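Undergrad: Taken in order, the sequence shown gives residues 2 to 115, 185 to 314; the numbers are from PDB author numbering.
In this text, a Cβ means the ideal position worked out from N, Cα and C, and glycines have one as well.
What follows is a single structure, and I will ask about it in a moment.
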Amino acid sequence: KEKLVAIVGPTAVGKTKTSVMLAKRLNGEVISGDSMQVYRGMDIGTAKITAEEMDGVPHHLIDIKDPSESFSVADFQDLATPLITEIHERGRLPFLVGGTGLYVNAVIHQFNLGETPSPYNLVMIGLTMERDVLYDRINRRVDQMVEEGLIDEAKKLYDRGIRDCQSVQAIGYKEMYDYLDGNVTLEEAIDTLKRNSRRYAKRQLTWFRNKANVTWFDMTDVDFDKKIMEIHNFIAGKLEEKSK
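Here it is, written out as C-alpha coordinates:
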(Lines of atoms letter the chains of each structure in order from A; the text may use other names.)
(Lines give C-alpha, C1' and ligand atoms only; values in the text may rest on other atoms or scores of the structure.)
Protein backbone atom coordinates (compact mmCIF):
# COMPACT_ATOMS: atom_id res chain seq x y z
CA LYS A 2 0.00 0.00 0.00
CA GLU A 3 2.67 2.54 -1.05
CA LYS A 4 2.24 3.71 -4.65
CA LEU A 5 -1.18 4.44 -6.14
CA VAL A 6 -2.68 6.27 -9.14
CA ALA A 7 -6.17 7.79 -9.10
CA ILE A 8 -8.19 8.81 -12.12
CA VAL A 9 -11.08 11.14 -11.38
CA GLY A 10 -13.55 13.12 -13.42
CA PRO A 11 -17.22 13.32 -14.49
CA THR A 12 -18.93 10.60 -16.51
CA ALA A 13 -18.34 10.20 -20.27
CA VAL A 14 -14.94 11.89 -20.12
CA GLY A 15 -12.96 8.75 -20.95
CA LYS A 16 -11.94 7.58 -17.51
CA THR A 17 -12.28 3.89 -18.42
CA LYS A 18 -10.62 4.14 -21.82
CA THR A 19 -7.66 6.17 -20.54
CA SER A 20 -7.67 3.86 -17.56
CA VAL A 21 -7.13 0.54 -19.33
CA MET A 22 -4.53 2.02 -21.65
CA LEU A 23 -2.44 3.31 -18.75
CA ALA A 24 -2.73 -0.07 -17.04
CA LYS A 25 -1.31 -1.87 -20.10
CA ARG A 26 1.50 0.68 -20.15
CA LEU A 27 2.25 0.55 -16.39
CA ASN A 28 1.53 -3.02 -15.37
CA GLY A 29 -1.51 -2.15 -13.30
CA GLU A 30 -4.85 -3.47 -12.08
CA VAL A 31 -8.03 -1.42 -11.85
CA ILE A 32 -10.06 -0.91 -8.71
CA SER A 33 -13.39 0.67 -9.55
CA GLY A 34 -14.61 3.52 -7.43
CA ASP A 35 -18.02 3.81 -9.07
CA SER A 36 -20.19 2.05 -6.46
CA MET A 37 -22.87 1.49 -9.09
CA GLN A 38 -20.46 -0.92 -10.84
CA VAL A 39 -20.87 -3.36 -7.94
CA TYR A 40 -24.47 -4.35 -8.56
CA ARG A 41 -24.43 -7.37 -10.86
CA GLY A 42 -27.16 -7.80 -13.46
CA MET A 43 -27.55 -4.02 -13.61
CA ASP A 44 -25.26 -3.40 -16.63
CA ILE A 45 -27.18 -1.04 -18.90
CA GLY A 46 -28.31 1.64 -16.44
CA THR A 47 -24.91 1.69 -14.75
CA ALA A 48 -22.86 1.65 -17.95
CA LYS A 49 -21.00 -1.35 -16.55
CA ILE A 50 -17.61 -1.77 -18.16
CA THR A 51 -17.57 -4.79 -20.44
CA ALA A 52 -14.93 -7.51 -20.72
CA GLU A 53 -14.24 -6.12 -24.17
CA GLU A 54 -13.37 -2.55 -23.19
CA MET A 55 -11.79 -3.89 -20.05
CA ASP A 56 -9.34 -5.51 -22.49
CA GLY A 57 -7.07 -7.85 -20.55
CA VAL A 58 -6.80 -5.58 -17.54
CA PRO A 59 -8.13 -7.23 -14.38
CA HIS A 60 -10.78 -5.20 -12.51
CA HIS A 61 -12.14 -5.33 -8.98
CA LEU A 62 -15.29 -4.19 -7.20
CA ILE A 63 -17.52 -4.97 -10.17
CA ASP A 64 -20.46 -7.33 -9.81
CA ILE A 65 -19.77 -8.20 -6.18
CA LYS A 66 -23.19 -7.41 -4.71
CA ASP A 67 -26.91 -7.94 -5.41
CA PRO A 68 -29.17 -5.09 -6.54
CA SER A 69 -31.09 -5.38 -3.24
CA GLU A 70 -28.09 -4.63 -0.98
CA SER A 71 -26.19 -1.42 -0.27
CA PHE A 72 -22.59 -0.29 -0.71
CA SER A 73 -21.53 2.33 1.85
CA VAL A 74 -18.38 4.40 1.70
CA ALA A 75 -17.29 2.04 4.50
CA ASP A 76 -17.95 -1.20 2.58
CA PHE A 77 -15.83 0.33 -0.22
CA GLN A 78 -12.95 1.36 2.05
CA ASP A 79 -12.88 -2.09 3.69
CA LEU A 80 -12.35 -3.70 0.26
CA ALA A 81 -10.39 -0.97 -1.45
CA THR A 82 -7.52 -0.78 1.09
CA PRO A 83 -6.83 -4.53 1.24
CA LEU A 84 -6.88 -4.65 -2.56
CA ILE A 85 -4.29 -1.91 -2.95
CA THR A 86 -1.83 -3.88 -0.85
CA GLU A 87 -2.71 -7.18 -2.55
CA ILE A 88 -2.22 -5.65 -5.98
CA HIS A 89 1.31 -4.58 -5.02
CA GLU A 90 2.18 -8.12 -3.97
CA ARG A 91 1.74 -9.26 -7.56
CA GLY A 92 3.95 -6.34 -8.57
CA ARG A 93 1.28 -4.35 -10.36
CA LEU A 94 0.41 -0.70 -9.83
CA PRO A 95 -3.09 -0.23 -8.34
CA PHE A 96 -5.36 2.16 -10.24
CA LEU A 97 -8.36 3.71 -8.41
CA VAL A 98 -10.76 4.57 -11.22
CA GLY A 99 -13.67 6.97 -10.75
CA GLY A 100 -16.14 7.19 -7.86
CA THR A 101 -17.51 10.19 -5.93
CA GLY A 102 -15.31 12.74 -4.14
CA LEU A 103 -16.35 10.98 -0.93
CA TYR A 104 -15.25 7.42 -1.83
CA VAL A 105 -11.87 8.56 -3.17
CA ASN A 106 -11.17 10.85 -0.20
CA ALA A 107 -11.89 7.97 2.20
CA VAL A 108 -9.38 5.62 0.58
CA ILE A 109 -6.59 8.02 -0.33
CA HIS A 110 -6.81 9.59 3.12
CA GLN A 111 -7.73 6.53 5.17
CA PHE A 112 -10.81 8.14 6.74
CA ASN A 113 -11.81 6.87 10.18
CA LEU A 114 -15.33 5.66 9.29
CA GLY A 115 -17.79 4.51 11.92
CA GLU A 185 -6.92 17.68 4.32
CA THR A 186 -3.79 15.97 5.67
CA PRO A 187 -1.33 14.33 3.20
CA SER A 188 -2.15 10.87 1.87
CA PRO A 189 -0.43 7.84 3.39
CA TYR A 190 0.05 6.67 -0.21
CA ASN A 191 2.30 7.95 -3.01
CA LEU A 192 -0.72 9.00 -5.03
CA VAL A 193 -0.83 10.46 -8.50
CA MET A 194 -4.29 12.03 -8.80
CA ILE A 195 -5.18 12.86 -12.38
CA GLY A 196 -8.36 14.55 -13.52
CA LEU A 197 -10.02 14.22 -16.87
CA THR A 198 -11.93 17.26 -18.13
CA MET A 199 -13.63 18.28 -21.33
CA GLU A 200 -15.38 21.32 -22.82
CA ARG A 201 -18.73 21.85 -21.08
CA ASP A 202 -20.71 21.45 -24.32
CA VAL A 203 -19.03 18.33 -25.64
CA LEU A 204 -19.43 16.78 -22.19
CA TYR A 205 -23.17 17.44 -22.05
CA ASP A 206 -23.64 16.36 -25.65
CA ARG A 207 -21.88 13.05 -24.99
CA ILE A 208 -23.94 12.54 -21.83
CA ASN A 209 -27.19 13.12 -23.69
CA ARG A 210 -26.14 10.73 -26.45
CA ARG A 211 -25.03 8.28 -23.75
CA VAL A 212 -28.59 8.20 -22.41
CA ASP A 213 -30.00 7.60 -25.91
CA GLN A 214 -27.93 4.45 -26.21
CA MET A 215 -29.22 3.18 -22.85
CA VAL A 216 -32.78 3.66 -24.02
CA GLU A 217 -32.04 1.90 -27.30
CA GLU A 218 -30.09 -0.83 -25.52
CA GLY A 219 -33.09 -1.69 -23.36
CA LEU A 220 -32.54 0.41 -20.23
CA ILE A 221 -36.33 0.73 -19.92
CA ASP A 222 -36.90 -3.06 -19.84
CA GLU A 223 -34.00 -3.52 -17.38
CA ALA A 224 -35.68 -1.11 -14.96
CA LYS A 225 -39.14 -2.59 -15.41
CA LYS A 226 -37.76 -6.09 -14.72
CA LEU A 227 -36.01 -4.86 -11.54
CA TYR A 228 -39.21 -3.01 -10.71
CA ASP A 229 -41.37 -6.09 -11.02
CA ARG A 230 -38.83 -8.15 -9.07
CA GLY A 231 -39.68 -6.06 -6.03
CA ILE A 232 -36.30 -4.27 -5.92
CA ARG A 233 -36.84 -0.87 -4.33
CA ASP A 234 -36.07 1.40 -1.40
CA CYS A 235 -32.34 0.70 -1.80
CA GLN A 236 -29.52 2.81 -3.21
CA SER A 237 -29.18 0.59 -6.27
CA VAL A 238 -32.63 1.70 -7.45
CA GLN A 239 -32.44 5.26 -6.10
CA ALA A 240 -29.29 5.67 -8.19
CA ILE A 241 -29.11 8.78 -10.32
CA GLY A 242 -29.79 6.52 -13.29
CA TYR A 243 -32.72 4.26 -12.32
CA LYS A 244 -34.79 6.59 -10.13
CA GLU A 245 -35.88 8.42 -13.32
CA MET A 246 -37.28 5.21 -14.80
CA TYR A 247 -39.01 4.19 -11.58
CA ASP A 248 -40.65 7.59 -11.57
CA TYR A 249 -42.00 6.62 -14.98
CA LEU A 250 -43.09 3.10 -14.03
CA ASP A 251 -44.82 4.47 -10.93
CA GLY A 252 -46.90 6.51 -13.35
CA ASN A 253 -45.75 10.00 -12.41
CA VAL A 254 -44.25 11.14 -15.72
CA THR A 255 -44.29 10.10 -19.37
CA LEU A 256 -41.42 8.06 -20.83
CA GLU A 257 -39.87 10.97 -22.72
CA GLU A 258 -40.13 13.20 -19.64
CA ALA A 259 -38.30 10.55 -17.63
CA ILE A 260 -35.60 10.19 -20.26
CA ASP A 261 -35.13 13.94 -20.50
CA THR A 262 -34.99 14.29 -16.72
CA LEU A 263 -32.48 11.49 -16.77
CA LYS A 264 -30.28 13.48 -19.12
CA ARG A 265 -30.84 16.62 -17.06
CA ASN A 266 -29.91 14.91 -13.79
CA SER A 267 -26.86 13.45 -15.45
CA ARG A 268 -25.62 16.76 -16.81
CA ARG A 269 -26.09 18.36 -13.41
CA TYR A 270 -24.25 15.56 -11.68
CA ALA A 271 -21.27 15.59 -14.03
CA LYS A 272 -21.04 19.30 -13.28
CA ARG A 273 -21.20 18.86 -9.50
CA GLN A 274 -18.42 16.29 -9.62
CA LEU A 275 -16.23 18.32 -11.99
CA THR A 276 -16.41 21.29 -9.60
CA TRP A 277 -15.82 19.13 -6.54
CA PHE A 278 -12.59 17.68 -7.86
CA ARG A 279 -11.64 21.04 -9.44
CA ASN A 280 -11.62 22.24 -5.83
CA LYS A 281 -9.41 19.60 -4.22
CA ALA A 282 -5.81 20.46 -5.06
CA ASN A 283 -3.10 17.92 -5.87
CA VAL A 284 -5.12 17.02 -8.95
CA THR A 285 -3.35 17.28 -12.28
CA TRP A 286 -5.77 18.04 -15.07
CA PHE A 287 -5.76 16.87 -18.70
CA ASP A 288 -8.70 17.73 -20.90
CA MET A 289 -9.46 15.17 -23.53
CA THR A 290 -12.21 16.74 -25.64
CA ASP A 291 -11.71 15.65 -29.25
CA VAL A 292 -8.17 14.46 -28.66
CA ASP A 293 -6.13 11.57 -30.03
CA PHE A 294 -5.77 8.99 -27.28
CA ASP A 295 -2.66 7.80 -29.11
CA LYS A 296 -1.16 11.18 -28.21
CA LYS A 297 -2.60 12.13 -24.83
CA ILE A 298 -1.80 8.74 -23.41
CA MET A 299 1.95 9.27 -23.87
CA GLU A 300 1.58 12.66 -22.20
CA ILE A 301 -0.19 11.24 -19.11
CA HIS A 302 1.86 8.07 -19.07
CA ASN A 303 5.12 9.99 -18.89
CA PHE A 304 3.77 12.42 -16.27
CA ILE A 305 2.59 9.57 -14.04
CA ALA A 306 5.78 7.51 -14.43
CA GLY A 307 7.82 10.58 -13.65
CA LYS A 308 5.92 11.91 -10.68
CA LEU A 309 5.86 8.49 -9.01
CA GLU A 310 9.64 8.14 -9.07
CA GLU A 311 10.54 11.66 -7.94
CA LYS A 312 8.31 11.65 -4.84
CA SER A 313 10.17 8.56 -3.66
CA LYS A 314 13.25 10.43 -2.39
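Between the beta-carbon of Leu197 and the beta-carbon of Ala271, is there less than 8 Å?
TA: No, these two residues do not count as a Cβ contact at 8 Å.
Undergrad: What is the rounded straight-line gap between the Cα of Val74 and the Cα of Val292?
TA: Roughly 34 Å separates the two Cα atoms.
Undergrad: List the endpoints of the continuous alpha helix (DSSP H) containing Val6.
TA: Counting along the chain, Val6 falls outside any alpha helix (DSSP H), though it belongs to the beta strand (DSSP E) covering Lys4 to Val9.
Undergrad: Using 8 Å for Cβ pairs, my map puts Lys16 next to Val98. What's the rounded Cβ distance?
TA: At roughly 6 Å, the Cβ-Cβ gap stays under 8 Å, so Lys16 and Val98 are in contact.
Undergrad: Would you say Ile305 and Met22 are within 8 Å of each other, going by their C-beta atoms?
TA: Not in contact: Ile305 and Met22 (Cβ atoms no closer than 8 Å).
Undergrad: Would you kindly report the start and end of the unbroken alpha helix (DSSP H) that includes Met22?
TA: It spans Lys16 to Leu27 - the alpha helix (DSSP H) in which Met22 sits, taken as one unbroken run.
Undergrad: Spatial neighbours of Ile45 within its chain, please: CB distance less than 7 Å, with the 5 preceding and 5 following residues excluded, ordered by chain position.
TA: Contacts found: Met215, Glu218, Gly219, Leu220 and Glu223.
Undergrad: What three-state label does DSSP hand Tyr270 in the structure shown?
TA: DSSP places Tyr270 in helix when its eight states are reduced to three.
Undergrad: Taking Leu263 as the reference, give the member of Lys225, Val105, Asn209 and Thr276 with the closest Cα.
TA: Nearest C-alpha to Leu263: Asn209.
Undergrad: Report, in whole angstroms, the separation of the C-beta atoms of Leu192 and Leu5, which I expect to be a contact under 8 Å.
TA: Yes, they are in contact, since the Cβ atoms of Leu192 and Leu5 sit about 5 Å apart, within 8 Å.
Undergrad: For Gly196, which three-state DSSP category applies?
TA: Correct three-state label for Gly196: strand.
Undergrad: Nearest to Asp35 by CA position, among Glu3, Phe77 and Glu54, is which residue?
TA: Checking every option, the nearest Cα to that of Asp35 belongs to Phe77.
Undergrad: Let's test the definition: count the other Cβ atoms within 10 Å of the Cβ of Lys49 and tell me whether it reaches 16, buried, or not, exposed.
TA: Buried.
Undergrad: Measuring only from the beta carbon, is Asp202 closer than 7 Å to any heavy atom that is part of the ligand NAP?
TA: Because no ligand of any kind appears in the structure shown, any question about the ligand NAP cannot be addressed here.
Undergrad: Assign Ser33 to buried or exposed, taking buried as 16 or more other Cβ atoms, counted over all protein chains shown, within 10 Å of its Cβ.
TA: Its Cβ being crowded by 16 or more others within 10 Å, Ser33 is buried.
Undergrad: So, at 8 Å on beta carbons, what are the nonlocal neighbours of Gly100 in its own chain, with the 5 sequence-adjacent residues on each side left out?
TA: The answer, listed in chain order, is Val9, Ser33, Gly34, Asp35, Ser36 and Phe77.
Undergrad: Answer yes or no: do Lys18 and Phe278 have a C-beta to C-beta separation smaller than 8 Å?
TA: Not closer than 8 Å, so no.
Undergrad: Kindly indicate which three-state DSSP category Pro83 falls into: helix, strand or coil?
TA: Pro83: helix per DSSP, three-state reduction.
Undergrad: Relative to the alpha-carbon of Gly242, which residue among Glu3, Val31, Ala7 and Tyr40 has its alpha-carbon at the smallest distance?
TA: It is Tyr40.
Undergrad: Report the residue ranges of all beta strand (DSSP E) runs contained in full by the stretch 23-103; include only those spanning at least 3 residues, in chain order.
TA: Those beta strand (DSSP E) runs which fall completely within the stretch 23-103 and span 3+ residues are 29-33 and 94-98.
Undergrad: Tell me the residue span of the beta strand (DSSP E) that contains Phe304.
TA: That residue, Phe304, is in no beta strand (DSSP E); its alpha helix (DSSP H) goes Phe294 to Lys312.
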